[PDB]
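Data block below; observations after.
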Amino acid sequence: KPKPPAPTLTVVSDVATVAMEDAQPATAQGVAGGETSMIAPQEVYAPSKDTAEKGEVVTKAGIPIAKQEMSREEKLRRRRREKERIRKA
Amino acid sequence: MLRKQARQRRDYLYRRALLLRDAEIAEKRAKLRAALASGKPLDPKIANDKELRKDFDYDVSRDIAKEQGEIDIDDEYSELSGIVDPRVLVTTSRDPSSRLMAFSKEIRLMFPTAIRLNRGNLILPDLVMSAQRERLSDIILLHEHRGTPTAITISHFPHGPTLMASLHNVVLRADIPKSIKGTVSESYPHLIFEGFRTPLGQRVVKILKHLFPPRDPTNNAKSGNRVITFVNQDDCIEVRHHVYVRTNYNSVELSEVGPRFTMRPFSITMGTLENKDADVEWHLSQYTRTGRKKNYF
Amino acid sequence: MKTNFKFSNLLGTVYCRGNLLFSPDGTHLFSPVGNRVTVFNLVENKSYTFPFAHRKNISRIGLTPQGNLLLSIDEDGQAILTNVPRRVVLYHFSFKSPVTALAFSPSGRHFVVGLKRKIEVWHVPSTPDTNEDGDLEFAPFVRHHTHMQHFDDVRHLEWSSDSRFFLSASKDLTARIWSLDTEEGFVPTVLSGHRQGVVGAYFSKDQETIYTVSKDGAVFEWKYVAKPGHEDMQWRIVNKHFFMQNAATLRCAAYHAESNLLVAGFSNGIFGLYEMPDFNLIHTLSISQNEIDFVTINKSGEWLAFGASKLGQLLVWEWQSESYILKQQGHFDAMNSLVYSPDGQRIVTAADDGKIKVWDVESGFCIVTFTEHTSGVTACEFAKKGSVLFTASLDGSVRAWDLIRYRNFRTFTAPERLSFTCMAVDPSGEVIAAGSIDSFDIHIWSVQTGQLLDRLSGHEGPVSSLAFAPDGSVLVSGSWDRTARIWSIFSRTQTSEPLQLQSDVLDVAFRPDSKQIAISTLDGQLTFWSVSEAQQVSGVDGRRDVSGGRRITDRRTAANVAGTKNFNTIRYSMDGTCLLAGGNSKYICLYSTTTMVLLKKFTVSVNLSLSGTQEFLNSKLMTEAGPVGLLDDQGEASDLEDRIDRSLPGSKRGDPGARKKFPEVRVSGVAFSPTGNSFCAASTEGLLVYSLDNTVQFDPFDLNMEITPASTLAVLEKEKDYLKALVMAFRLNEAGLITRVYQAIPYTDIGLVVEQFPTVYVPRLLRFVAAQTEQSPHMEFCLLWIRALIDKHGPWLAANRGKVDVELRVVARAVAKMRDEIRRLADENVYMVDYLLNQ
Amino acid sequence: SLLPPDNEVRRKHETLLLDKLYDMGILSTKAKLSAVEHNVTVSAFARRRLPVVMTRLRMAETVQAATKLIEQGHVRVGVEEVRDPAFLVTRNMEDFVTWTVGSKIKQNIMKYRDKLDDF
RNA sequence: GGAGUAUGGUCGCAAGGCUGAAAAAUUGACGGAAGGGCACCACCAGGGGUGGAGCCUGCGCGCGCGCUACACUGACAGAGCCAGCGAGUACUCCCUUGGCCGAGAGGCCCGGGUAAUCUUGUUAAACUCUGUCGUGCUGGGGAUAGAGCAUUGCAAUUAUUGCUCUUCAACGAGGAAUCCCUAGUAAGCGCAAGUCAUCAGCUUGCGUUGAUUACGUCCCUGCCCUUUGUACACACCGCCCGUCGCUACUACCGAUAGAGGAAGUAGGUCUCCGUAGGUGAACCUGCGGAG
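In the order they appear, the protein sequences are chains A, B, C and D. Under this note's numbering, the residues of the first sequence are numbered 2 to 90, in order. Under this note's numbering, the residues of the second sequence are numbered 2 to 298, in order. Under this note's numbering, the residues of the third sequence are numbered 117 to 955, in order. Under this note's numbering, the residues of the fourth sequence are numbered 9 to 127, in order.
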């Protein structure tokens, strides 16, 4: 029986995959390969509430909408959806 | 596979015997730990045992863990307690009747993860073989008298205990019309047990509450709308199956949805349904003098 | 298909015990791999393997300074010299003792060799490559001199620059100077005074100072100066200086005399290089944890090549730039499994070292080593997409890597702790099934969800082989309950149809057109079942066809050894017509799935340093104390780390101690190439890639009498009937003639030729234009060919799809090469130029 | 033992050590560290070896005959034949040690039981 | 005498009635729409019960479990001839072969067995074959009834059971409904046991023969769940909707600063030279110049 799984985290950089490749005179990838930056756009930048602006909110779509331009009906519906998630949790 | 079941059952019985001897020693070691913390003087036969002190220095920590409840006892259910959904099949006797087959369906619907199997021509060792071959957690056999059921046999697998019980006052689901009854909801049921206080009562509580899949513990105190009640008086465990709405914060409306039993257990054997020669743990002592006065569970 | 498999390159190991060499140009690196010698071309990324094979492991490599002749010495001194431009075996000749030093003369006429105490200088044989009117002689080597003026092992031999003298460095602590012929002012003098025996004695450029590097870590200069009482001069010692590598002894040193620098590799793996005649430490670093065994230097002087023997660990180091040129590692454990990539350019193998690595088929180098498993890695598998790799292992985790970003996006475990030994994955890439030896249930997770879908059950024993069907509808499990299961998971009913067998199931494989399945049992028999109506349609009893054995520590005759009489792994062809089967035995069988006959049997290794490669061991090696390859000879070792036995008693599967003397021969994994025309097999020596030989074998298709190359070029050049010439060339099946006519017809008549071309020669033509796109620099011509072919024979290929799947796959990867190599650059250039022109 | 008794890493490594030794079959219980004090023993390893464990499983009659039979190569453990008489059989491979494929000892057992199937 | 553990007494507190039966919430209450998953308590295709006559346990002339049938895939008569789980006699009469006698039931003389040894290959039944009957309540069916002979038992009347002759009823596929069932499953068949509860008006095993039709779909009836979480690459999606509560703030209304009512919003290195000081030959620092 192997071992109980204990959490281990690995810090990857933003270098290309030919920095993870082994040492050899030239790469095995082509010219298109070698620009893939080893972390996805979701890890380069993901729009969320912790990185939003002060006046604005971000939706579930990843789009900044401001509380001032949001109407009363959409404010009520966003309050109801957040309260529905809170009731689910 | 069969050699592994036999080997694991033999290892379990040997570990239980070693636990008996180690409990006989560890009742003496818990006096040495309590006297060390509180300073009350202890017995000379305990304080002058060099083997006990020399091994006590290594075996403090499991006694502390058992005091805090951080570890669980060596049991046939503690291996897979809340990790796996226990699958369980309900079967009849050999040539069932129509009311026994409808009753088998009703107590299949009592468990949300159970399945029912047609017996037909199915030899009972091959029934046990197919259960261990499909990794079932429980089998439940039914016996009828004449369209009315008279016995259950709840057997836990791979090598766990049988509880054989005789049924009384069975009021079937299949007697009331379809206008009044309906399709029973299959949600994960709450369970309540009322009146089990002996260690034998906690044994039968364990082998009855490990038939049901484990409830999600995030918001289980308020969610879920279906309850199953095992309450014993005079060691005849009576079971109801209700469905409820919480019509207010102070009141609740119940609705009886399943069959009613008062099953009385008469045999709890440390060994599966095939083993007729398994060592019994308890049996209903009739034809003794005070077997009717003494109440177990 | 044509089952004519010769032996193409070995792969999967980069260096084993032996000497390293550079080409005289400086680009090719000659390294020994067991009993073969790979050539790594480093200027263009390529590699090949010489067609010879020694009976034991390589001891020495030498190379004539012109470049052409290579001379490889096995253990017990059997030598094979070969021509490196035309890769052909030339002469076999046995030095009767184990060669422990070897050096060719820089004039090229002689080579000197040190057999334990002896020193023989031989002539280099005259070869058919160099003479005009010449042939193979019988005994070509002519001995010139023998010198036994010596007392222990000759550890090194180094010629002069004018090739008139040489130096022999010893194990009796004395380097000596020898001549070729009797010179006028010379006596064959000795150079005494050391403490632990010389590693190497080297000349200088102007041959006055000669240096001696010894095992304790000391290098001494020797000059011809007068004795301190002053015709009367003596070879005496002017200064001495010491490498202060603290707790290690140097194992191999080299000295570049044109640039005056000395490199030394030590027992603790940290080498150091020094500008010698003033002894300034240029630098030093640790290339390996274990030790360094063999150092060589470039002829130019700018590259160094180090080899460690206990691991693979071959690395070339460019010292002035301070960077690796290559740092390569072979598997130092048993290669458990392998799979090709669905493109077919690279294969990925998973060993019991804990690492998996992705080798490229051309150039032979590993391109990425995934090292997240903490125990031995069992089966690895791909999806249909080819971008994701799923690997199971004994540490309890089925990991899931993405090969465009090189990170395991998923890891799966079972809730109770298992140790997975086999796994399969749906070709959609969304469901992983895996099975172990500890529990008999078979687990299924989802890739896009991450959590456990189910534990399928119904097996009365541990499940040994899993295979998802290539269309994606049926899992098949095979287990030691003598049973197999057709699991249908993806339907609304989840069902299991059992196939009852006669013994324990060892391997399960599908046909590519999924109607058939072959399951290989423990009796040694293959049974070909149908998956629609679950009935066995065919069967081979294959014990005798694979039984080749008698290991050391085996008290049975090789015919009575049970255990090497089964097929542990089987794979269909990409055609679907021939199985390939390999077990724990010397033979690979290649069966036909229709006619049920063995088409061809192969032998994986001739290497007698492995244990089970001949079924009749000779009685010369049986002393009165057991066999001679069984006595523990660790105590006769000079080094303590070689003398220590840190082995565990009774550990079949790997221990880090790992005595590993005479390992067994077993083929633990086989795989066909998805482009066809090759397969490969993971042996214990390496990873042998077999391939079809079409250029060295005449094989016409359906030939007439009036069809010659002269007649084909006649109807090309005179008559100018291009379709007739091309059909005649494909009918002759000579690749040079086909290339000649294919390039000769014009790019406006391509369409007429393709429109009137025959459909019996269409798939051969598609394979030929795929190869010409991937190889020749006539890219637009071959793309016009491919476009005309698919536009004319469009509905036929889509109607068939199974008879032409490999041709479509190789055409697809040819246009994938042209789609990823040139047009991304063209688009990026035109957008950058448009922006810079728009400021 | 020398760690303090209420320590988390002490409790976790006690359970890990006892579970590892009970899975290898050296200890017969997994609920006492005094088992690793005076019950782990080179004799416990040497009786988890292969000829003694098949003497206990009655595959042979005596450990001498068992070592002779697994030197002649009749015994596989799982799917692979075992020629080494020092292969340590763990508690879950004691359910998989059995005879080899074409074994004359297996033919002898079947000929005794009168189930000699020659197919 | 000290330390524990019990057992039974004694005492003190508990043991004083604005009283007279039938909330929480920034987290809460209830829904709707869309999309999934599952189900012989759903659809679809078939099969089988029960419900008609009689008997009776049980539950509260009425009811339930059953057995046997309505025949031609059959009844009958020969003839073939094949299991498996069992059991069986000591201070005893159990399992019984074979030999006669008897139409039968049975009788009788012996006999093997405390048993893988004898009964028993339990020569079981459906079943297979060659005949007879021919669609007719017929030779399907065999209730009810008469007369006779036997066996168990101290005893057989209200008929224990067994055999023979005779008598030959209903029942022509069960109605509406209602329920169950998907492979060694439905259904037929016998043999054995009687295990501290249940069960002889039966229960539970065990073998034998062994199909049709689904094995798809959420369209109907429902059940569960998503719309929060629980992992990251490819790839895809793109702020679900309503009625109220609670909280914070803002102003309003009107009786006596105030509890309520109603509402809304959330960049000079190196070297040299000339200096001035320092601890003086030198040397150091600072500056001014040239290379």
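Every residue, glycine too, gets a C-beta built ideally from N, C-alpha and C.
Unbroken alpha helix (DSSP H) run spanning residue i, endpoints
| i | result |
| --- | --- |
| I208 (chain B) | 200-210 |
| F104 (chain D) | Looking at the DSSP string, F104 (chain D) is not in any alpha helix (DSSP H), and its letter there is neither H nor E. |
| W603 (chain C) | Careful: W603 (chain C) lies outside any alpha helix (DSSP H), inside the beta strand (DSSP E) at 599-604. |
| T643 (chain C) | Where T643 (chain C) is concerned, there is no enclosing alpha helix (DSSP H), although the beta strand (DSSP E) it sits in stretches over 641-646. |
Short CB-CB distance (under 9 Å) between residue i and chain B
| i | result |
| --- | --- |
| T37 (chain D) | yes |
| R608 (chain C) | no |
| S51 (chain D) | no |
| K40 (chain D) | yes |
Where residue i meets chain C, residues with beta-carbon distance less than 8 Å
| i | result |
| --- | --- |
| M71 (chain A) | Those within 8 Å of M71 (chain A) in chain C number zero; the least Cβ separation is about 34 Å. |
| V13 (chain A) | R523 |
9 Å Cβ cutoff, residue i in contact with chain C
| i | result |
| --- | --- |
| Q43 (chain A) | no |
Chain A within 9 Å of residue i, Cβ atoms only
| i | result |
| --- | --- |
| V514 (chain C) | no |
| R929 (chain C) | no |
Coil, strand or helix - residue i by DSSP
| i | result |
| --- | --- |
| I353 (chain C) | strand |
| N916 (chain C) | helix |
| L427 (chain C) | coil |
| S39 (chain B) | helix |
| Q194 (chain C) | strand |
| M948 (chain C) | helix |
| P344 (chain C) | coil |
| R929 (chain C) | helix |
| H310 (chain C) | coil |
Interface partners of residue i on chain D, CB under 8 Å
| i | result |
| --- | --- |
| residue 90 (chain C) | Outside the shown range of chain C, which is 117 to 955, sits residue 90 (chain C), and nothing can be said about it. |
Proximal chain C residues relative to residue i, where beta-carbon distance stays under 7 Å
| i | result |
| --- | --- |
| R134 (chain B) | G574, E576 |
The beta strand (DSSP E) enclosing residue i, as first and last residue numbers
| i | result |
| --- | --- |
| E274 (chain C) | 272-275 |
| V662 (chain C) | Here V662 (chain C) belongs to no beta strand (DSSP E), and DSSP marks it neither H nor E. |
| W475 (chain C) | 472-476 |
Chain-ordered chain A contacts of residue i [CB-CB under 7 Å]
| i | result |
| --- | --- |
| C482 (chain C) | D23 |
Where residue i meets chain B, residues with beta-carbon distance less than 8 Å
| i | result |
| --- | --- |
| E22 (chain D) | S62, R63 |
Listed by chain order, chain D residues near residue i by CB distance under 9 Å
| i | result |
| --- | --- |
| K41 (chain B) | The contacting residues do not exist; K41 (chain B) stays about 20 Å from chain D at best. |
| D670 (chain C) | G81, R91 |
Cβ of residue i within 9 Å of any chain D Cβ
| i | result |
| --- | --- |
| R8 (chain B) | yes |
| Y59 (chain B) | yes |
| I108 (chain B) | no |
Distance cut-off 8 Å: residue i Cβ against heavy atoms of the ligand PLP
| i | result |
| --- | --- |
| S646 (chain C) | You won't find the ligand PLP in this model; it holds no ligand whatsoever. |
Beta-carbon neighbours of residue i, restricted to chain B and to distances below 7 Å
| i | result |
| --- | --- |
| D570 (chain C) | Those do not exist, as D570 (chain C) stays about 11 Å from chain B at its closest Cβ, beyond 7 Å. |
Practice prompt. Please list the residues of the region 520-538 of chain C that have a C-beta atom closer than 7 Å to any C-beta atom in chain B, keeping them in chain order.
Written response: Hits within the stretch, in order: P531.
Fill in: Interfacial residues, the region 611-638 of chain C to chain D, with Cβ spacing under 9 Å
In summary, the residues of the region 611-638 of chain C whose CB is separated from some CB of chain D by less than 9 Å are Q618, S619, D620, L622, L638, in the order they occur in the chain.
Practice prompt. Could you list the residues in the region 11-40 of chain B with a C-beta less than 8 Å from some C-beta on chain D, going in chain order?
Written response: So the close ones are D12, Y15, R16, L19, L20, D23.
Item to complete: Compile a chain-ordered list of the residues in the region 70-89 of chain B whose CB is closer than 9 Å to at least one CB of chain C.
Response: The region 70-89 of chain B vs chain C, Cβ under 9 Å: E80, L81, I84, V85.
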